[PDB]
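# Breakdown of the fold
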Amino acid sequence: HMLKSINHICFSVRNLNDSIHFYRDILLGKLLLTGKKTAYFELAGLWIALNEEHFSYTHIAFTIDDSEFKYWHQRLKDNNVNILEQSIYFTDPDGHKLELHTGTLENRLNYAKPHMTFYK
Amino acid sequence: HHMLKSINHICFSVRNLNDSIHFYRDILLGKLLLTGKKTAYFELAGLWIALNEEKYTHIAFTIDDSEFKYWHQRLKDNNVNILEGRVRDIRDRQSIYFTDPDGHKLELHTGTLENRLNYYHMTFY
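### Considering the sheet that holds strand β4 (residues 46–52) of chain A
Spatially, the nine strands line up as an open sheet ordered β6(B)-β7(B)-β8(B)-β5(B)-β1(A)-β4(A)-β3(A)-β2(A)-β9(B), and their pairing is mixed. Where the open sheet ends on each side, the last strands, each with one partner, are β6 (82–83) and β9 (123–124) of chain B. Running at roughly 10 degrees to strand β3 (residues 38–43) of chain A, helix α1 (residues 16–26) of chain A makes contact with β1 (5–13), β2 (30–34), β3 and β4 of chain A of the sheet. This element, helix α2 (residues 68–77) of chain B, spans β6, β7 (95–99) and β8 (105–109) of chain B of the sheet and lies at about 20 degrees to β7 of chain B.

### Examining α2 of chain B
Residue and element names in this part refer to chain B. By the burial criterion, the buried members of α2 are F68, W71, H72 and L75. Viewed end-on, α2 has its buried residues packed into an arc of 100 degrees, placing them on one side of the element. In α2, the exposed positions that point more than 90 degrees away from the buried face belong to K69 and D77. Among the structural elements, α1 (17–27), β6, β7 and β8 are those in contact with the buried residues of α2. At the exit of α2 stands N79, carrying a positive phi of roughly 60 degrees.

### Re the pattern of salt bridges
Residues and elements named next belong to chain B. Summed over the entire model, instances satisfying the criterion amount to five salt bridges over all chains. With a closest N to O distance of 3.7 Å, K38 and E53 form a salt bridge. Here the residue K38 occupies a position in the loop between β2 (31–36) and β3 (39–44), and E53 occupies one in strand β4 (residues 47–53), the gap between them amounting to 15 residues. Residue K38 is classed as partly exposed on the basis of its relative accessible area of 43%. One salt bridge in this structure joins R93 and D65, with 2.5 Å as the shortest N-O distance. Of the two residues, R93 is situated in the loop between β6 and β7 and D65 in the loop between β5 (57–62) and α2; the sequence distance between them amounts to 28 residues. Exposure remark for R93: the relative accessible area of 32% places this residue in the partly exposed category.

### Overview of the interface of chain A and chain B
A common way to report how large an interface is uses the accessible area buried once the components associate. Listed as interface residues are 54 residues of chain A and, on the opposing side, 54 residues of chain B. Elements with a minimum of two residues in the side of chain A that touches chain B: β1, β2, β3, β5 (58–63), α2 (69–78), β7 (97–101), α3 (105–110) and β8 (117–118) of chain A. The element best represented in the side of chain A that touches chain B is β1 of chain A, accounting for eight residues. Among the residues forming the side of chain A that touches chain B, the class breakdown is 28 nonpolar, 17 polar and nine charged. The pairing of β2 of chain A with β9 of chain B spans two bridges and is classified as antiparallel. The partner of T34 of chain A across the bridge, within β9 of chain B, is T123 of chain B.

### Digging into α1 of chain A
Within α1 of chain A, burial applies to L16, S19, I20, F22, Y23 and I26 of chain A. Just downstream of α1 of chain A, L28 of chain A is the residue with a positive phi angle, here 65 degrees.

### A few points about unusual backbone geometry
Non-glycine residue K120 of chain A carries a positive phi angle of around 50 degrees. A positive phi angle, near 65 degrees, is found at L29 of chain B, a position not held by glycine. Its location among the elements puts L29 of chain B in the loop between α1 and β2.

### Structural notes on the sheet that holds β7 of chain A
To summarise the sheet geometry, strands pair through backbone hydrogen bonds and adopt either a parallel or an antiparallel arrangement. Across the sheet, eight strands lie side by side as β6(A)-β7(A)-β5(A)-β1(B)-β4(B)-β3(B)-β2(B)-β8(A); this open sheet has mixed pairing. Both outer strands of the open sheet, β6 (87–91) and β8 of chain A, are each paired with one neighbouring strand and no more. Here β6 of chain A pairs with β7 of chain A via five bridges, running antiparallel. Directly across from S87 of chain A, in β7 of chain A, lies its bridge partner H101 of chain A. Most of the contacts of α2 of chain A go to β6 of chain A, to which it runs at about 25 degrees, and overall it touches β6 and β7 of chain A.

### Points about the UniProt feature "binding site: Mg(2+)" in chain A
As annotated by UniProt and renumbered to match this structure, "binding site: Mg(2+)" occupies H8, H59 and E99 of chain A. Counting through the fold element by element, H59 of chain A comes out in strand β5. Contact partners of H59 of chain A, with chain neighbours within four places excluded, come to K97 and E99 of chain A together with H9, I10 and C11 of chain B. Within polar-contact distance, the side chain of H59 of chain A engages the side chain of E99 of chain A at 3.3 Å.

Reading the values: rules and limits
Residues numbered from 1 in each chain as written, not as in the entry; some residues may be left out. Chains lettered and ligands numbered in written order. Heavy atoms only, no water. Residues with missing side-chain atoms left out of burial classes, pairs and counts. Pairing = 2+ DSSP bridges. Helix = DSSP H or I, 4+ residues; strand = E, 2+ residues; numbered from the N terminus. Contact = heavy atoms within 4.5 Å. Axes fitted to C-alpha atoms, helices over the stretch in contact; angles between N-to-C directions. Buried < 20%, exposed > 50% of the residue type's maximum accessible area, 1.4 Å probe, protein only. Arc of directions from axis to C-beta. Salt bridge = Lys/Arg side-chain N within 4 Å of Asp/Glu carboxyl O. Nonpolar A, V, L, I, M, F, W, Y, C, P; charged D, E, K, R; others polar. UniProt positions renumbered as here; feature names shortened; annotations may be inferred. Polar contact = N/O pair within 3.5 Å; in protein donor to acceptor, adjacent residues only side chain to side chain.

What follows is the structure, given as structure tokens:
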């Protein structure tokens, strides 16, 4: 009895064509299917569904090779992505909050806040 | 190279850390890894989830067909808010929809991406 794996994430978007250009061209995901109001991608090994139709309360973070940090920082800047201010914090065209990090959450957690409580 | 590699984690804001620890760890059977002041981290279904306490989207997890009735009853037995899916989603053991204590929408699904593509006037790439 265990949930086995993430299956997909679903985001609502105002303009499917803007969002296809962001996820397929800027983030280099693969476009799989479209309907009039739907698009499916594979990005970072994840199925993402977009449905065409307040953003402070969640974010989705992705992992990149540390040697590629400048590559990604510059790609987002040169494509006029909204960047907040090795980690990069940004939003998609609708303001869904996203992050890139060069270390896993696990690595980082081990690696100075003495008064946190660890389990195993 | 030049690809995002994998999901690093997801973060949810929550009103009450203890209520959310019960949901993610006791009901969904995730593992609690760390807590800090106003924060808790879990591994669930191979995904790291961060909760931050603060006082249009869903995330779906895969389960086996053979575990569908188990999950459906576990959710009802724990008084989780269950939302309606498509016609036959319950009877054909396809999907369960529900929310966490804060209203974030979640889904359990027995199918894959390929399964859906195969199942599907739409434009295929």
